[PDB]
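The structure appears below as structure tokens.
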Amino acid sequence: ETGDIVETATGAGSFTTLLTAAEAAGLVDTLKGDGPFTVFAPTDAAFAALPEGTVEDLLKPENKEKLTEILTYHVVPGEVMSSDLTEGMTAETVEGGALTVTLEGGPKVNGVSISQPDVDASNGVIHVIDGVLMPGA
């Protein structure tokens, strides 16, 4: 595979409402355009977790435009998470924000759970959130 995070736009079956915008929001040059990059990619079932209006917002073409703006707080630089180091640390977003990262007692980031604790992406790092964690959206 090539593109890894960004190439999702090509397929996007599970991340069709989100990670398709990885390439298509102009994040392609960002995520695949360097090397190690870690993004909290929520699954199709995660949008079904908060389907009140968030999935509608994130289904609206409006969101990928602001994703262009807000990518930096959803994109974390190429650094290996607690699965390598130790659980119970703060991870910094490219925007410039430190979030809560702990696996012991429940893999939770900033108060949202990584219910499907993945990690090993092709170029970077993949973690499936069951919720959302960003400035506003």
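Residues are named by chain letter and number: chains run A, B, ... in the order of the structure tokens, numbers start at 1 in each chain, and ligands are numbered from 1 in the order shown.
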Applying 9 Å and only C-alpha atoms, which residues near region 63-69 of chain A remain after dropping the ones on its own chain fewer than 6 positions away? List them as a list in words. residues 18, 21, 22, 24, 25, 26, 27, 57 and 137 of chain A
Output file for the residues above (N, CA and C atoms, as a PDB file, in the first residue's frame):
```pdb
ATOM      1  N   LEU A  18     -14.806   9.947   7.127  1.00  0.00           N
ATOM      2  CA  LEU A  18     -13.758  10.698   7.816  1.00  0.00           C
ATOM      3  C   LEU A  18     -12.429  10.676   7.057  1.00  0.00           C
ATOM      4  N   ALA A  21     -11.264  12.043   3.717  1.00  0.00           N
ATOM      5  CA  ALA A  21     -10.907  13.445   3.692  1.00  0.00           C
ATOM      6  C   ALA A  21      -9.439  13.637   4.052  1.00  0.00           C
ATOM      7  N   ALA A  22      -8.761  12.571   4.452  1.00  0.00           N
ATOM      8  CA  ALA A  22      -7.344  12.669   4.778  1.00  0.00           C
ATOM      9  C   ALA A  22      -6.559  13.104   3.545  1.00  0.00           C
ATOM     10  N   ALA A  24      -8.219  13.963   0.691  1.00  0.00           N
ATOM     11  CA  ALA A  24      -9.046  14.914  -0.027  1.00  0.00           C
ATOM     12  C   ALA A  24      -9.172  16.286   0.646  1.00  0.00           C
ATOM     13  N   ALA A  25      -8.694  16.423   1.872  1.00  0.00           N
ATOM     14  CA  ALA A  25      -8.699  17.724   2.539  1.00  0.00           C
ATOM     15  C   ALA A  25      -7.349  18.406   2.383  1.00  0.00           C
ATOM     16  N   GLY A  26      -6.459  17.763   1.637  1.00  0.00           N
ATOM     17  CA  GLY A  26      -5.127  18.295   1.447  1.00  0.00           C
ATOM     18  C   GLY A  26      -4.184  17.869   2.551  1.00  0.00           C
ATOM     19  N   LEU A  27      -4.526  16.781   3.232  1.00  0.00           N
ATOM     20  CA  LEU A  27      -3.682  16.274   4.321  1.00  0.00           C
ATOM     21  C   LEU A  27      -2.748  15.196   3.792  1.00  0.00           C
ATOM     22  N   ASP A  57     -22.842  16.322  11.090  1.00  0.00           N
ATOM     23  CA  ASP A  57     -21.835  17.367  10.906  1.00  0.00           C
ATOM     24  C   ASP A  57     -20.646  16.826  10.124  1.00  0.00           C
ATOM     25  N   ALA A 137     -14.585  21.023  16.283  1.00  0.00           N
ATOM     26  CA  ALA A 137     -14.739  19.942  15.337  1.00  0.00           C
ATOM     27  C   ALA A 137     -13.505  19.906  14.451  1.00  0.00           C
TER      28      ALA A 137
END
```
I'd like the contact shell of residue 127 (chain A) - 8 Å cut-off, only C-alpha atoms, skipping same-chain residues fewer than 2 positions apart - returned as a PyMOL selection string. chain A and resi 38-42+114+116-119+125+129
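One distance worth recording is that between CA of residue 23 (chain A) and CA of residue 37 (chain A), which is 13.6 Å.
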Residues of region 8-136 of chain A in helix (DSSP H, G or I) according to DSSP, as a ChimeraX atom specification? /A:8-10,20-31,44-47,54-57,62-74
When you count only C-alpha atoms, which of these residues is closest to residue 128 (chain A): A:113, A:72, A:16, A:2?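 Closest residue, counting only C-alpha atoms: A:113.
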Which one of A:123, A:95, A:1, A:131 sits closest to residue 71 (chain A) if you count only C-alpha atoms? A:95
Closest to residue 34 (chain A) among A:62, A:104, A:56, A:4, using only C-alpha atoms?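 Using only C-alpha atoms, the shortest distance to residue 34 (chain A) belongs to A:4.
Note that CA of residue 99 (chain A) and CA of residue 29 (chain A) are 24.2 Å apart.
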Measuring atom to atom with only C-alpha atoms, identify which of A:88, A:107, A:96, A:61 is nearest to residue 17 (chain A). A:61
Distance criterion (only C-alpha atoms): nearest to residue 103 (chain A) out of A:86, A:59, A:53, A:13: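 Ranked by minimum distance to residue 103 (chain A), first place goes to A:86.
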May I have all residues of chain A that DSSP, computed from the backbone, assigns to strand (DSSP E or B), given as a PyMOL selection string? chain A and resi 37-40+75-77+89-92+98-102+108-109+112-113+116+120+125-128
What does the file look like for those residues with N, CA, C and O atoms, as a compact mmCIF listing (two decimals), in the first residue's frame?
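Saved to out_13.txt:
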```
# COMPACT_ATOMS: atom_id res chain seq x y z
N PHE A 37 3.36 9.46 11.16
CA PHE A 37 2.26 10.32 11.57
C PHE A 37 1.13 9.51 12.16
O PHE A 37 0.72 8.49 11.62
N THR A 38 0.62 9.99 13.28
CA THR A 38 -0.39 9.28 14.03
C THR A 38 -1.69 10.08 14.11
O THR A 38 -1.70 11.23 14.57
N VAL A 39 -2.77 9.49 13.64
CA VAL A 39 -4.07 10.14 13.63
C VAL A 39 -5.12 9.26 14.28
O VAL A 39 -5.12 8.04 14.10
N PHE A 40 -6.00 9.87 15.07
CA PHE A 40 -7.09 9.12 15.68
C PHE A 40 -8.20 8.93 14.66
O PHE A 40 -9.05 9.80 14.49
N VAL A 75 -3.87 15.52 13.93
CA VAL A 75 -2.63 14.93 13.48
C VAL A 75 -1.56 15.09 14.54
O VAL A 75 -1.25 16.20 14.97
N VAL A 76 -1.04 13.97 14.99
CA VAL A 76 0.05 13.97 15.94
C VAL A 76 1.33 13.56 15.21
O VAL A 76 1.30 12.67 14.36
N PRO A 77 2.46 14.24 15.49
CA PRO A 77 3.74 13.97 14.82
C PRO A 77 4.20 12.52 14.96
O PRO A 77 3.68 11.76 15.78
N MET A 89 1.16 8.95 29.58
CA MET A 89 1.95 10.07 29.11
C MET A 89 1.06 11.05 28.36
O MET A 89 -0.11 10.76 28.10
N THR A 90 1.60 12.20 28.02
CA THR A 90 0.86 13.17 27.24
C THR A 90 1.46 13.35 25.87
O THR A 90 2.66 13.61 25.71
N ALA A 91 0.61 13.18 24.87
CA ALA A 91 1.02 13.23 23.49
C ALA A 91 0.68 14.57 22.88
O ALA A 91 -0.40 15.11 23.13
N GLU A 92 1.59 15.11 22.09
CA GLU A 92 1.44 16.46 21.57
C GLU A 92 0.96 16.46 20.12
O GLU A 92 1.51 15.75 19.28
N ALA A 98 -1.09 19.03 24.20
CA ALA A 98 -0.79 17.76 24.85
C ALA A 98 -2.07 17.10 25.36
O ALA A 98 -2.84 17.71 26.10
N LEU A 99 -2.29 15.87 24.95
CA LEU A 99 -3.47 15.13 25.33
C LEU A 99 -3.13 14.01 26.31
O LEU A 99 -1.96 13.64 26.45
N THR A 100 -4.15 13.46 26.94
CA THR A 100 -3.99 12.38 27.90
C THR A 100 -3.90 11.04 27.18
O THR A 100 -4.78 10.71 26.40
N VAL A 101 -2.83 10.29 27.42
CA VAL A 101 -2.67 8.98 26.79
C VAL A 101 -2.31 7.92 27.82
O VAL A 101 -1.18 7.86 28.31
N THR A 102 -3.28 7.07 28.14
CA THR A 102 -3.08 6.01 29.11
C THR A 102 -3.78 4.73 28.65
O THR A 102 -4.91 4.77 28.17
N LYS A 108 -7.45 5.24 27.00
CA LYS A 108 -8.23 6.46 26.90
C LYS A 108 -7.34 7.65 26.58
O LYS A 108 -6.26 7.81 27.16
N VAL A 109 -7.79 8.46 25.64
CA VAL A 109 -7.05 9.64 25.22
C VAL A 109 -7.89 10.90 25.41
O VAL A 109 -8.93 11.07 24.79
N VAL A 112 -11.41 10.20 25.83
CA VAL A 112 -12.10 9.42 24.81
C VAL A 112 -11.39 8.09 24.65
O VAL A 112 -10.18 8.02 24.83
N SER A 113 -12.10 7.02 24.35
CA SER A 113 -11.50 5.71 24.37
C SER A 113 -11.07 5.25 22.98
O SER A 113 -11.74 5.51 21.98
N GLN A 116 -10.70 0.22 19.87
CA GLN A 116 -9.95 -0.69 19.02
C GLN A 116 -8.49 -0.24 18.99
O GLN A 116 -8.09 0.53 18.12
N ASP A 120 -0.08 0.15 14.36
CA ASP A 120 0.93 0.02 13.32
C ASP A 120 0.38 0.36 11.94
O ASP A 120 -0.22 -0.49 11.27
N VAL A 125 1.05 5.90 12.37
CA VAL A 125 0.43 5.17 13.46
C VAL A 125 -1.09 5.34 13.43
O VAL A 125 -1.59 6.45 13.24
N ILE A 126 -1.80 4.24 13.61
CA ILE A 126 -3.26 4.23 13.52
C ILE A 126 -3.91 3.83 14.85
O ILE A 126 -3.54 2.84 15.45
N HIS A 127 -4.86 4.64 15.30
CA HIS A 127 -5.65 4.32 16.48
C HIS A 127 -7.12 4.63 16.22
O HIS A 127 -7.44 5.74 15.78
N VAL A 128 -8.01 3.67 16.47
CA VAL A 128 -9.43 3.92 16.28
C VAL A 128 -10.07 4.43 17.54
O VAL A 128 -10.12 3.74 18.56
```
Go ahead and compute the interatomic distance for CA of residue 46 (chain A) and CA of residue 80 (chain A), in Å to one decimal. 23.7 Å
Which is closer to residue 115 (chain A) than all the others in A:19, A:55, A:94, A:45, using only C-alpha atoms?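 Selected residue with least distance to residue 115 (chain A): A:45.
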